[PDB]
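**Q** The structure that follows is given in the form of structure tokens.
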Amino acid sequence: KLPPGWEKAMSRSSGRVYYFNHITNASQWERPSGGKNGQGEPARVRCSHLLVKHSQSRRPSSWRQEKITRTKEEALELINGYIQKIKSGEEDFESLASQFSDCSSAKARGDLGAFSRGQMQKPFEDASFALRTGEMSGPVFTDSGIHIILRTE
């Protein structure tokens, strides 16, 4: 069973039976879906994301720091941290994207409004149409930087 991109397994050096998604990079214990087939995907969805850029980013520059000096590794250890707070509940997605998203959308809780399967970089797009209304993703790489997409519609 399991929807698109949902696989199971156990993480390294620790026996944990969980659910992974190679399209989203979303990880969780609970099972993703509970008999409905032929579904597929809508032809237009609405997201929000918190983009944190690094050096090998297309435009190594954003409204927060005129010249990005951090490295993928650094930018990644960074997104993880934000993922840490989102899931724990310490801070909420919006509040974070708002304060740190190296994307112009920060000034909008991180919203990007609904878009169709053609306007975004495949890595983002594929993770957006693979998320169900409400579900969030793990780290997603695009030539912009590392993302954290939140499906809102």
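In order, the residues displayed for chain A correspond to 6-39, 45-163 in Swiss-Prot numbering, which applies throughout.
Per deposition record, X-ray crystallography, 3.2 Å.
In case you wondered, yes, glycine gets a Cβ from its N, Cα and C as well.
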**Q** Which residue from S108, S115, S138, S154 is recorded in Swiss-Prot as phosphoserine?
**A** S108
**Q** For which of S38, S71 does Swiss-Prot record the feature phosphoserine?
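**A** Per Swiss-Prot, the residue annotated as phosphoserine is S71.
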**Q** Provide the three-state DSSP residue tally for the domain 'PpiC' (52-163): helix first, then strand, then coil.
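**A** Computed counts for the domain 'PpiC' (52-163) are 37 helix, 20 strand, 55 coil.
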**Q** Measure from the Cβ of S71 (phosphoserine) and count the other Cβ atoms within 10 Å, all protein chains considered.
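**A** Taking every protein chain into account, the count is 13.
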**Q** Looking at Cβ-Cβ distances, which residues of the chain lie under 8 angstroms from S108 (phosphoserine) while being 6 or more apart from it?
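**A** When sequence neighbours closer than 6 are ignored, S108 (phosphoserine) has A116, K117, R119, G120 within Cβ distance under 8 Å.
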**Q** Would you mind reading off the Cα separation of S71 (phosphoserine) from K46 (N6-acetyllysine), to the nearest angstrom?
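**A** For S71 (phosphoserine) versus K46 (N6-acetyllysine), the Cα atoms are 45 Å apart.
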**Q** If you measure from the Cα of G39 to the Cα of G45, with 5 residues left unbuilt in between, what do you get in Å?
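**A** Output for the chain break: 8 Å between Cα atoms.
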